[PDB]
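>>> Whatever this is, show me its structure:
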Amino acid sequence: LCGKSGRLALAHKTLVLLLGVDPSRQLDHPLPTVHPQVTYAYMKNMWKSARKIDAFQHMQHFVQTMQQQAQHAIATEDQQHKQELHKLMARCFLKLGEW
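Numbers count the residues shown, from 1 in each chain. The relevant structure is shown in the block below.
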């Protein structure tokens, strides 16, 4: 909602506060692959705000890390955890294509 209203600086501050790490100073290292939702939000925000290129590579990497999870961790019981993964990674694939 803050991003929609345009006061994007507050949104960026809130994201770095919740995430705990600020890649805007550490440009090279990848995003913290844990907590896919907050990183997805930060990625959408950084696409929108200024940078329109390195976002693509971050998406590539984040996808190849997310689909890496259940295929390399074939849980025999956790079936209610991978469905949200499927839906989220479908979202990110579509964003990838249209970008």
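>>> Residue 62 reaches residue 39, doesn't it?
Yes. Contact status for residue 62 versus residue 39: in contact at 6.7 Å, counting by Cβ atoms under 8 Å. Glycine gets a C-beta too; all of them are placed from N, C-alpha and C.
>>> what's the overlap in contacts for these two?
The contact sets of residue 62 and residue 39 overlap at 31, 33 (Cβ atoms under 8 Å, 6 or more residues apart in numbering).
>>> Return the residues in contact with the most centrally placed residue in the chain.
The centroid of the chain falls nearest to residue 40 when counting by Cα atoms, centre = their mean (2.3 Å). Neighbour list for residue 40: 62, 88, 91, 92 [criterion: Cβ under 8 Å, 6+ apart].
>>> at 10 Å what do you get?
31, 59, 62, 66, 88, 89, 91, 92, 95 (Cβ atoms under 10 Å, 6 or more residues apart in numbering).
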